[PDB]
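One structure below.
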Amino acid sequence: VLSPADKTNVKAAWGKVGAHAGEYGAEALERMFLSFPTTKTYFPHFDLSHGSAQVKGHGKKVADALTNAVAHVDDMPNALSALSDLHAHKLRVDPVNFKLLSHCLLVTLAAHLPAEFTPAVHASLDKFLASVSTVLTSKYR
Amino acid sequence: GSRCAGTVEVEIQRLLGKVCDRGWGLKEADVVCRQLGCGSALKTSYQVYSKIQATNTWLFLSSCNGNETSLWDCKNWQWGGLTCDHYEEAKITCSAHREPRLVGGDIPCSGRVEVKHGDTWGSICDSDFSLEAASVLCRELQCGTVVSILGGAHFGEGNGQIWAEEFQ
Amino acid sequence: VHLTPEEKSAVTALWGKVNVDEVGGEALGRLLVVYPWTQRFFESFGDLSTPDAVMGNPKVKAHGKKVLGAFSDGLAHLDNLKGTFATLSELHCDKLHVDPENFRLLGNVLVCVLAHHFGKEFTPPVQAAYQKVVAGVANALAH
Ligand code: HEM
Ligand code: HEM
Ligand SMILES: *[C@@H]1O[C@H](CO)[C@@H](O)[C@H](O)[C@H]1NC(C)=O
């Protein structure tokens, strides 16, 4: 569960992510595709090569969704209701892929923000990404 | 062909065997080259001269430092008990496969070309030595760039044997 | 699965600059902070409530050094991981009853620590190689 201190740390970390969110998400998607190729089965229509414009656009969309979740950290299920329905029903993405993407996002943030990825901030960001994944995987069946 | 280039064949208790290339980098490769006495290791591959038979048993090298004087002296080498089917045989070409030298010249980096085929020093016919081969020879001996290729025994005829290999 | 020579070279090159005395302790502290149920196994290490207490714990740092040394030992024998980790897996399964998923969590946390330490040098290719490495370590350390 996200404590108020954890919410503060997540808000600060994503604020210092700032405008680099789109390419952070693109890098996280690339890391998920390379490290865990089993997640590529959910993108059969995407060009999954390095530096892909389509992967970059999807990473921008993912980071915009994460920004909306951070801004609505107290109402995340309502903020991600459309995405929850989408991932759970239309795409039927298995939650292990969500945890893999959360790990890859954490790796990207650690590689790009080493000064601000403190163990407390790392734990808070992991909790926030777990909350996002749980909201998106809740309706999975 | 040469004693210091080819697959690593292992004789343990009169049993033929070949080294598997799993956990076999250049660090273990130069240990074999040092063990045979042919300088350091150049590549884990060789230009095939003759066919060799296939042996069921394999020598597996987990890992060892690379400064050892012999392969047996480095820690935890496995002899048999596993199949090198997923991996490949361990090849090596040591630095003395074709080690050049310049003799007969009164200046440091000029003279009749002699190449050591493992242990024997022999001359080279000038029809088998191109400008690229001479460039590689000058580079290897740390003599820079080739100035000229002088055939017809310019620095005197060598005594011994003449190699029959054209350097491509 | 066999690890490609390029991936092996990348892993070895990135591990050459890894601070053995600090990276393992950092990874273990991060594991105990992010996943607090892993503090259950280290109740003899003293205070582990505050994240600063976890990261500043000398016993945690020493055990992280030992864990990272075990990672290095498994790295030197990437092709033989079950044989090298049989004793440690038996220890964790029987004497400590550590869930195998904790090994995967520690591998992921170690990958995060490596990325945090090396910045952009932790490229997606070398991260994929290290994910293969930590997956092999965890599978060899499990069951
Ligand atoms: C924190 C985790 C995630 C977030 C924030 C997220 C966010 C998003 C967003 C914003 C979209 C755009 C949907 C639209 O615009 O209509 C999307 C689509 C999609 N997502 Fe995710 N997602 C996450 C996890 C995942 C994972 C792990 C996978 C697969 C392994 C996945 C697979 C997909 C697919 C296939 C689409 C459809 C894109 C397309 O058809 O072009 N999602 N996601
Ligand atoms: C993932 C890779 C891991 C490796 C390579 C590793 C390695 C080691 C090593 C080298 C030891 C020392 C063995 C001894 O002293 O006899 C050890 C012991 C121990 N490990 Fe792990 N470990 C790993 C993961 C974990 C995790 C995730 C936990 C807990 C969640 C854990 C809990 C312990 C404990 C409690 C001990 C004994 C502490 C003590 O002896 O004082 N280990 N492990
Ligand atoms: C090789 O180097 C190691 C250092 O790790 C040393 O312990 C060993 O004695 C060296 N071996 C030789 C033959 O010099």
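Identifiers for the structure tokens are assigned positionally: chains receive A, B, ... in sequence, residues are indexed from 1 per chain, and ligands are indexed from 1 in the order shown.
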Enumerate the residues of stretch 97-167 of chain B with a DSSP assignment of strand (DSSP E or B), computed from the backbone, and present them as a PDB file with C-alpha atoms, in the first residue's frame.
```
ATOM      1  CA  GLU B  99      56.110 -16.498 -36.619  1.00  0.00           C
ATOM      2  CA  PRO B 100      58.129 -14.287 -38.987  1.00  0.00           C
ATOM      3  CA  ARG B 101      61.672 -13.028 -38.626  1.00  0.00           C
ATOM      4  CA  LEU B 102      64.081 -10.943 -40.691  1.00  0.00           C
ATOM      5  CA  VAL B 103      67.632 -12.244 -41.112  1.00  0.00           C
ATOM      6  CA  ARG B 112      65.393 -12.276 -45.787  1.00  0.00           C
ATOM      7  CA  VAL B 113      61.963 -13.400 -44.601  1.00  0.00           C
ATOM      8  CA  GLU B 114      61.932 -16.556 -42.479  1.00  0.00           C
ATOM      9  CA  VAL B 115      58.724 -17.949 -40.973  1.00  0.00           C
ATOM     10  CA  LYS B 116      58.630 -20.517 -38.164  1.00  0.00           C
ATOM     11  CA  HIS B 117      56.135 -23.318 -38.866  1.00  0.00           C
ATOM     12  CA  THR B 120      61.273 -25.053 -37.877  1.00  0.00           C
ATOM     13  CA  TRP B 121      62.566 -21.862 -39.493  1.00  0.00           C
ATOM     14  CA  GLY B 122      62.280 -21.798 -43.270  1.00  0.00           C
ATOM     15  CA  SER B 123      62.541 -19.279 -46.066  1.00  0.00           C
ATOM     16  CA  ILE B 124      59.730 -18.079 -48.332  1.00  0.00           C
ATOM     17  CA  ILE B 162      61.550 -23.345 -48.295  1.00  0.00           C
ATOM     18  CA  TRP B 163      57.875 -23.208 -47.378  1.00  0.00           C
TER      19      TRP B 163
END
```
Checklist entry - Hey, which residues come within 10 Å of ligand 3 if we count only C-alpha atoms and all ligand atoms? Could you give them as a list in words? => result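 Counting only C-alpha atoms and all ligand atoms, the residues within 10 Å of ligand 3 come out as residues 64, 65, 66, 67, 68, 69, 70, 73 and 74 of chain B.
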Store the residues picked out above in a file with C-alpha atoms, as a compact mmCIF listing (two decimals), in the first residue's frame.
```txt
# COMPACT_ATOMS: atom_id res chain seq x y z
CA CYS B 64 41.09 -20.66 -14.42
CA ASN B 65 43.19 -17.55 -14.14
CA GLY B 66 45.24 -17.70 -17.35
CA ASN B 67 48.73 -17.15 -15.91
CA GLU B 68 49.26 -20.88 -15.28
CA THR B 69 52.20 -22.63 -16.92
CA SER B 70 50.08 -25.69 -17.77
CA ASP B 73 47.73 -26.81 -13.07
CA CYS B 74 44.70 -24.50 -13.22
```
Please report as JSON lines every residue of chain A lying within 8 Å of ligand 1, along with the nearest atom pair and their distance in Å (one decimal), using only C-alpha atoms and all ligand atoms.
```
{"residue": "A:32", "atom": "CA", "partner": "ligand 1", "partner_atom_place_in_ligand_line": "30 (C)", "distance": 7.9}
{"residue": "A:38", "atom": "CA", "partner": "ligand 1", "partner_atom_place_in_ligand_line": "30 (C)", "distance": 8.0}
{"residue": "A:39", "atom": "CA", "partner": "ligand 1", "partner_atom_place_in_ligand_line": "30 (C)", "distance": 4.3}
{"residue": "A:40", "atom": "CA", "partner": "ligand 1", "partner_atom_place_in_ligand_line": "30 (C)", "distance": 6.7}
{"residue": "A:41", "atom": "CA", "partner": "ligand 1", "partner_atom_place_in_ligand_line": "30 (C)", "distance": 7.7}
{"residue": "A:42", "atom": "CA", "partner": "ligand 1", "partner_atom_place_in_ligand_line": "35 (C)", "distance": 4.8}
{"residue": "A:43", "atom": "CA", "partner": "ligand 1", "partner_atom_place_in_ligand_line": "35 (C)", "distance": 5.2}
{"residue": "A:45", "atom": "CA", "partner": "ligand 1", "partner_atom_place_in_ligand_line": "40 (O)", "distance": 7.8}
{"residue": "A:46", "atom": "CA", "partner": "ligand 1", "partner_atom_place_in_ligand_line": "41 (O)", "distance": 7.4}
{"residue": "A:58", "atom": "CA", "partner": "ligand 1", "partner_atom_place_in_ligand_line": "38 (C)", "distance": 6.7}
{"residue": "A:61", "atom": "CA", "partner": "ligand 1", "partner_atom_place_in_ligand_line": "10 (C)", "distance": 4.6}
{"residue": "A:62", "atom": "CA", "partner": "ligand 1", "partner_atom_place_in_ligand_line": "7 (C)", "distance": 4.1}
{"residue": "A:63", "atom": "CA", "partner": "ligand 1", "partner_atom_place_in_ligand_line": "5 (C)", "distance": 6.5}
{"residue": "A:64", "atom": "CA", "partner": "ligand 1", "partner_atom_place_in_ligand_line": "10 (C)", "distance": 6.6}
{"residue": "A:65", "atom": "CA", "partner": "ligand 1", "partner_atom_place_in_ligand_line": "10 (C)", "distance": 4.8}
{"residue": "A:66", "atom": "CA", "partner": "ligand 1", "partner_atom_place_in_ligand_line": "5 (C)", "distance": 5.1}
{"residue": "A:83", "atom": "CA", "partner": "ligand 1", "partner_atom_place_in_ligand_line": "8 (C)", "distance": 6.3}
{"residue": "A:86", "atom": "CA", "partner": "ligand 1", "partner_atom_place_in_ligand_line": "13 (C)", "distance": 7.4}
{"residue": "A:87", "atom": "CA", "partner": "ligand 1", "partner_atom_place_in_ligand_line": "20 (N)", "distance": 6.4}
{"residue": "A:91", "atom": "CA", "partner": "ligand 1", "partner_atom_place_in_ligand_line": "35 (C)", "distance": 6.0}
{"residue": "A:93", "atom": "CA", "partner": "ligand 1", "partner_atom_place_in_ligand_line": "29 (C)", "distance": 5.8}
{"residue": "A:94", "atom": "CA", "partner": "ligand 1", "partner_atom_place_in_ligand_line": "30 (C)", "distance": 7.5}
{"residue": "A:95", "atom": "CA", "partner": "ligand 1", "partner_atom_place_in_ligand_line": "27 (C)", "distance": 7.4}
{"residue": "A:96", "atom": "CA", "partner": "ligand 1", "partner_atom_place_in_ligand_line": "27 (C)", "distance": 7.7}
{"residue": "A:97", "atom": "CA", "partner": "ligand 1", "partner_atom_place_in_ligand_line": "27 (C)", "distance": 4.4}
{"residue": "A:98", "atom": "CA", "partner": "ligand 1", "partner_atom_place_in_ligand_line": "27 (C)", "distance": 3.8}
{"residue": "A:99", "atom": "CA", "partner": "ligand 1", "partner_atom_place_in_ligand_line": "27 (C)", "distance": 7.0}
{"residue": "A:100", "atom": "CA", "partner": "ligand 1", "partner_atom_place_in_ligand_line": "27 (C)", "distance": 6.6}
{"residue": "A:101", "atom": "CA", "partner": "ligand 1", "partner_atom_place_in_ligand_line": "27 (C)", "distance": 4.9}
{"residue": "A:102", "atom": "CA", "partner": "ligand 1", "partner_atom_place_in_ligand_line": "1 (C)", "distance": 5.8}
{"residue": "A:129", "atom": "CA", "partner": "ligand 1", "partner_atom_place_in_ligand_line": "1 (C)", "distance": 6.0}
{"residue": "A:132", "atom": "CA", "partner": "ligand 1", "partner_atom_place_in_ligand_line": "1 (C)", "distance": 5.6}
{"residue": "A:133", "atom": "CA", "partner": "ligand 1", "partner_atom_place_in_ligand_line": "1 (C)", "distance": 5.6}
{"residue": "A:136", "atom": "CA", "partner": "ligand 1", "partner_atom_place_in_ligand_line": "3 (C)", "distance": 7.4}
```
Store the residues picked out above, limited to C-alpha atoms, as a PDB file, in the first residue's frame.
```
ATOM      1  CA  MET A  32      11.218  -5.308 -21.469  1.00  0.00           C
ATOM      2  CA  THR A  38       7.887 -13.328 -24.014  1.00  0.00           C
ATOM      3  CA  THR A  39       6.343  -9.862 -23.614  1.00  0.00           C
ATOM      4  CA  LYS A  40       6.722  -9.307 -27.367  1.00  0.00           C
ATOM      5  CA  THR A  41       3.808 -11.664 -28.080  1.00  0.00           C
ATOM      6  CA  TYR A  42       1.474  -8.834 -27.022  1.00  0.00           C
ATOM      7  CA  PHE A  43       2.915  -6.559 -29.748  1.00  0.00           C
ATOM      8  CA  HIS A  45       1.831  -5.411 -35.030  1.00  0.00           C
ATOM      9  CA  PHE A  46       4.712  -3.340 -33.627  1.00  0.00           C
ATOM     10  CA  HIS A  58       3.872   3.615 -27.107  1.00  0.00           C
ATOM     11  CA  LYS A  61       1.687   6.829 -24.059  1.00  0.00           C
ATOM     12  CA  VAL A  62       2.758   4.592 -21.157  1.00  0.00           C
ATOM     13  CA  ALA A  63       4.622   7.455 -19.490  1.00  0.00           C
ATOM     14  CA  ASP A  64       1.645   9.783 -19.956  1.00  0.00           C
ATOM     15  CA  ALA A  65      -0.528   7.153 -18.272  1.00  0.00           C
ATOM     16  CA  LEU A  66       1.973   6.921 -15.412  1.00  0.00           C
ATOM     17  CA  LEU A  83      -6.543   1.148 -19.135  1.00  0.00           C
ATOM     18  CA  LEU A  86      -8.286  -2.478 -21.875  1.00  0.00           C
ATOM     19  CA  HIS A  87      -5.382  -4.548 -20.548  1.00  0.00           C
ATOM     20  CA  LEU A  91      -5.496  -7.400 -24.651  1.00  0.00           C
ATOM     21  CA  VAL A  93      -2.108  -9.172 -20.743  1.00  0.00           C
ATOM     22  CA  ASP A  94      -0.911 -11.561 -18.053  1.00  0.00           C
ATOM     23  CA  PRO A  95       0.166  -9.811 -14.818  1.00  0.00           C
ATOM     24  CA  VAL A  96       3.702 -11.244 -14.885  1.00  0.00           C
ATOM     25  CA  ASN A  97       4.318  -9.014 -17.906  1.00  0.00           C
ATOM     26  CA  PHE A  98       3.111  -6.053 -15.841  1.00  0.00           C
ATOM     27  CA  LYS A  99       5.649  -6.869 -13.137  1.00  0.00           C
ATOM     28  CA  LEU A 100       8.356  -7.208 -15.797  1.00  0.00           C
ATOM     29  CA  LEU A 101       7.475  -3.778 -17.189  1.00  0.00           C
ATOM     30  CA  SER A 102       7.490  -2.323 -13.671  1.00  0.00           C
ATOM     31  CA  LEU A 129       4.300   0.603  -9.989  1.00  0.00           C
ATOM     32  CA  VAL A 132      -0.492   0.582 -11.206  1.00  0.00           C
ATOM     33  CA  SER A 133      -0.045  -3.072 -12.176  1.00  0.00           C
ATOM     34  CA  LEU A 136      -4.485  -2.748 -14.512  1.00  0.00           C
TER      35      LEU A 136
END
```
Checklist entry - Got a sec: who's within 12 Å of residue C:56, counting only C-alpha atoms, leaving out chain neighbours fewer than 4 positions off, as a PyMOL selection string? => result (chain A and resi 119) or (chain C and resi 22+25-26+28-30+32-33+45-52+60-62+64)
Next on the checklist: Give me, as a PyMOL selection string, the set of residues whose atoms come within 7 Å of any atom of ligand 2, counting only C-alpha atoms and all ligand atoms.
Outcome noted: chain C and resi 38-39+41-42+66-71+88+92+96+98+102-107+137-138
With chain C as the partner and 10 Å as the cut-off, tabulate the residues of chain A that qualify, each row holding the nearest pair of atoms and their distance in Å to one decimal, using only C-alpha atoms, sorted by chain and rising number, as CSV.
```
residue,atom,partner,partner_atom,distance
A:27,CA,C:124,CA,7.9
A:28,CA,C:124,CA,8.7
A:29,CA,C:124,CA,9.8
A:30,CA,C:124,CA,6.9
A:31,CA,C:124,CA,5.0
A:32,CA,C:124,CA,8.5
A:33,CA,C:128,CA,9.0
A:34,CA,C:128,CA,5.8
A:35,CA,C:128,CA,3.9
A:36,CA,C:128,CA,7.5
A:37,CA,C:128,CA,9.5
A:50,CA,C:124,CA,9.6
A:100,CA,C:108,CA,9.6
A:103,CA,C:108,CA,7.2
A:104,CA,C:112,CA,8.7
A:105,CA,C:112,CA,9.8
A:106,CA,C:112,CA,6.9
A:107,CA,C:112,CA,5.0
A:108,CA,C:115,CA,7.6
A:109,CA,C:116,CA,8.1
A:110,CA,C:116,CA,4.3
A:111,CA,C:119,CA,4.1
A:112,CA,C:119,CA,6.0
A:113,CA,C:116,CA,7.5
A:114,CA,C:116,CA,5.0
A:115,CA,C:116,CA,8.4
A:116,CA,C:116,CA,9.7
A:117,CA,C:116,CA,7.3
A:118,CA,C:30,CA,9.1
A:119,CA,C:30,CA,5.7
A:120,CA,C:51,CA,6.2
A:121,CA,C:34,CA,9.5
A:122,CA,C:34,CA,7.2
A:123,CA,C:34,CA,4.4
A:124,CA,C:34,CA,7.8
A:125,CA,C:34,CA,9.3
A:126,CA,C:34,CA,7.2
A:127,CA,C:34,CA,8.0
```
Can you list every residue of chain B that has an atom at most 10 Å from chain C, with its nearest atom pair and the distance in Å to one decimal, using only C-alpha atoms, ordered by chain then number, as CSV?
```
residue,atom,partner,partner_atom,distance
B:22,CA,C:79,CA,7.0
B:23,CA,C:79,CA,6.8
B:25,CA,C:5,CA,9.0
B:61,CA,C:77,CA,9.6
B:62,CA,C:77,CA,6.1
B:63,CA,C:76,CA,6.5
B:64,CA,C:76,CA,9.0
B:86,CA,C:2,CA,8.2
B:87,CA,C:2,CA,8.4
```
Checklist entry - Can you tell me, as a list in words, what residues are no more than 7 Å from stretch 141-148 of chain B when counting only C-alpha atoms, ignoring any on the same chain fewer than 6 positions away? => result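 My reading of the contact set: residues 109, 134 and 135 of chain B.
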Checklist entry - Smallest atom-to-atom distance to residue C:89: which of C:4, C:142, C:16, C:11, using only C-alpha atoms? => result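 Closest candidate: C:142.
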Checklist entry - atom CA of residue B:3 and atom CA of residue B:128 are how many Å apart? => result 21.7 Å
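Relative to atom CA of residue A:70, atom CA of residue A:9 is found at 10.6 Å.
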Checklist entry - If you measure from atom CA of residue A:85 to atom CA of residue A:134, what distance in Å do you get, rounded to one decimal? => result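 Atom CA of residue A:85 sits 12.2 Å away from atom CA of residue A:134.
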Next on the checklist: Ranking B:133, B:20, B:107, B:92 by minimum distance to residue B:155 and counting only C-alpha atoms, which one comes first?
Outcome noted: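 Checking each of B:133, B:20, B:107, B:92 against residue B:155, counting only C-alpha atoms, the winner is B:107.
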